[PDB]
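Peer 1:
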Amino acid sequence: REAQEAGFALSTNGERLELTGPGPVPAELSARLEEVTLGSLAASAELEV
Amino acid sequence: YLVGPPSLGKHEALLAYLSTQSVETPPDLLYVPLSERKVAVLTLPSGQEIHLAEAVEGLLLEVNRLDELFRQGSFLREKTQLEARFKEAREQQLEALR
Amino acid sequence: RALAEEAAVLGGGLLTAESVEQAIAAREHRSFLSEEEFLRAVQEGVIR
Amino acid sequence: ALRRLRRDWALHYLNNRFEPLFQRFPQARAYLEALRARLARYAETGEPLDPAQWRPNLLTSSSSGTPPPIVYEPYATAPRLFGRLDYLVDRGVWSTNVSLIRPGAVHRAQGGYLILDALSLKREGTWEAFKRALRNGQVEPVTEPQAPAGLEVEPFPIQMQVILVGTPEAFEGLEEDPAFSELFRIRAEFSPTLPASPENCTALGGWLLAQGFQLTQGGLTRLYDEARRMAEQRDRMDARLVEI
Amino acid sequence: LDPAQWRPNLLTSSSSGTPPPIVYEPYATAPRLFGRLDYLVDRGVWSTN
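Protein chains in written order, with the UniProt record's numbering: chain A, 148 to 196; chain B, 50 to 147; chain C, 441 to 488; chain D, 197 to 440; chain E, 245 to 293.
(1) Which value, in whole angstroms, describes the spacing of the CA atoms of residue 293 of chain D and residue 86 of chain B?
(2) For residue 376 of chain D, I'd like the list of residues in its chain whose CB is within less than 6 Å of its CB, leaving aside the five on either flank, ordered along the chain.
(3) Short check: CB of residue 90 of chain B to CB of residue 380 of chain D, under 8 Å?
(4) Report yes if the CB atom of residue 401 of chain D is closer than 8 Å to the CB atom of residue 72 of chain B, and no otherwise.
(5) Between which two residues does the alpha helix (DSSP H) carrying residue 183 of chain A extend?
(6) Rounding to the nearest angstrom, what Cα-Cα distance links residue 481 of chain C and residue 366 of chain D in this structure?
(7) Could you pull out every unbroken alpha helix (DSSP H) segment of at least 4 residues lying fully inside the region 52 to 117 of chain B, listed in chain order?
(8) Taking the C-alpha atoms as reference points, what is the distance between residue 225 of chain D and residue 310 of chain D?
(9) Any C-beta of chain E within less than 8 Å: which residues of the region 320 to 337 of chain D qualify?
(10) Compare the C-beta of residue 279 of chain D with all C-beta atoms of chain E and state if any pair is closer than 8 Å.
(11) Taking the alpha helix (DSSP H) that residue 211 of chain D falls in, what are its first and last residues?
(12) Report the rounded CA-to-CA distance for residue 108 of chain B versus residue 335 of chain D, giving the unit in angstroms.
(13) Can you give, in chain order, each stretch of the beta strand (DSSP E) that sits fully within the region 309 to 344 of chain D and has at least 3 residues?
(14) Measuring CA to CA, which of D:312, D:305, D:388, D:326 is closest to residue 437 of chain D?
(15) DSSP has residue 286 of chain D in a bridge; who is on the other side?
(16) Please state if the CB of residue 102 of chain B and the CB of residue 344 of chain D are separated by a distance shorter than 8 Å.
(17) Under 8 Å by Cβ, that's how I've got residue 261 of chain D and residue 75 of chain B pegged, so tell me the actual separation to the nearest angstrom.
(18) Return the residue from the list B:59, B:56, B:64 that minimises the CA-CA distance to residue 264 of chain D.
(19) Can you list, in chain order, the residues of its chain with a C-beta nearer than 8 Å to that of residue 282 of chain D? Leave out the 5 residues immediately preceding and following it.
(20) By the three-class DSSP mapping on this structure, what secondary structure does residue 442 of chain D have?
(21) Would you mind reading off the limits of the alpha helix (DSSP H) that contains residue 143 of chain B?
(22) Can residue 334 of chain D be considered in contact with the ligand PLP, in the sense that its beta carbon sits closer than 7 Å to one or more heavy atoms?
(23) Less than 8 Å separating the beta-carbons of residue 164 of chain A and residue 172 of chain A?
Below is the structure:
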């Protein structure tokens with residue numbers, strides 16, 4: 148939803164997430180992307196536990 | 050230090066007397082590595098050692114997430130930005146030389 | 441400080457004059473066994 | 197610079213991952229910071245991490261405390277007091293880690309009482325190491341000179357009460373050291389003989405009944421008289437209740 | 245080239261300057277006073293660095 152509101156397309160690759168668009172994405176958008184990915188992998192670690 | 054002639058049952062009373070004593074639940078002490086060379090005895094509130102062990106196993110398994118966080122969009126884009134700046138300086142030098 | 445700790449224990453948490461006197465008397469008494477036996481022997485006439 | 201980022205980002209999210217643990221385990225700041233540093237080093241250099249070298253080595257569990265942990269160690273040797281180090285032999289290399297440290301008598305007496313025999317302390321030559329552990333908190337697990345590398349065990353505040361038990365001559369060779377006086381200050385001196393009185397006769401009868409003996413008044417009286425006989429005094433009875 | 249042979253070894257880092265490093269060493273054996281050499285055994289070879 149944030150990527151759609153920002154005018155960018157999300158390109159999922161399995162469990163890996165990245166944002167594709169013309170030029171660099173906004174800094175807050177990149178930070179939110181990194182936080183979402185890190186939360187997903189932390190949830191995966193908790194799933195393993 | 051209990052002093053007395055032998056066969057006075059000093060040990061037998063002492064244990065009987067100390068059994069009647071009441072102390073606050075002793076903390077769980079455990080050897081924890083502050084490094085691969087240096088280990089310290091740490092005291093935790095009773096019953097918190099099992100949770101600590103579970104969390105430590107979680108952080109040991111966190112090597113997988115450490116490896117995976119180098120394969121995310123933000124890390125890749127920051128890497129590409131760093132490479133782009135380095136090749137920008139490289140290309141400035143290359144164009145001057147050319 | 442060790443005698444003060446003993447007085448505090450024997451007075452609960454306060455080192456009054458009675459508490460310190462009790463601590464000193466107990467310190468003397470805990471090693472009084474040989475003297476007590478000697479006095480008992482003197483009284484019973486073993487050591488005249 | 198790539199290596200620098202591959203520790204910067206790792207530490208940046210490891211702080212967030214460790215904050216809940218820092219909150220839940222306030223005492224373990226040192227160990228958790230060590231784990232964070234080791235994981236940052238893993239992310240930086242890609243240096244393999246051995247799980248066995250980073251484990252909370254439990255020594256004793258307790259939800260009790262009534263009664264307190266009372267550790268009586270009649271055989272007071274260094275391995276039985278301060279613990280012992282196990283080693284794994286890999287390619288002839290003797291290695292050790294936290295998972296190979298076993299508690300001694302000192303370790304399982306924490307928060308309680310450690311009962312030792314002064315004669316044992318003299319005989320095994322562990323009095324020096326034991327008094328060093330009491331005053332300085334230096335409890336060192338027993339190592340062996342065949343291991344190329346050991347473990348640097350940190351000092352530890354001693355939370356136990358040490359209660360020595362022994363015969364007076366077993367303390368004659370131990371009270372010579374001023375450190376014995378400074379450390380052990382309360383003398384629970386035992387009188388070899390009790391006063392000979394009806395109160396002590398009744399106490400002896402009750403003690404024998406608690407031992408499970410079936411007594412008669414004549415039998416208890418005869419045991420009391422024989423206790424006085426063993427004391428070799430008319431007005432004193434023998435306090436050696438094991439003999440009685 | 246052996247990288248472990250050519251890396252400066254951190255001994256101790258300054259805490260705050262005040263108070264100064266006050267090292268009380270009650271047990272004064274040579275290993276605890278002058279330090280220790282730890283050896284790595286490779287093929288029965290005790291190598292240090």
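All C-beta atoms, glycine included, are put in the ideal place defined by N, C-alpha and C.
Peer 2: This is what the structure holds:
(1) 8 Å
(2) 370
(3) no
(4) no
(5) 174 to 195
(6) 25 Å
(7) 59 to 68, 98 to 110, 112 to 117
(8) 29 Å
(9) 328, 331, 332, 334
(10) no
(11) 198 to 220
(12) 29 Å
(13) 309 to 313
(14) D:388
(15) D:289
(16) no
(17) 6 Å
(18) B:64
(19) 292, 296, 297, 298
(20) Residue numbering for chain D in the displayed model covers 197 to 440; residue 442 of chain D lies beyond these limits and cannot be assessed.
(21) 122 to 146
(22) Ligands displayed in this structure: none; no statement on the ligand PLP is therefore possible.
(23) no
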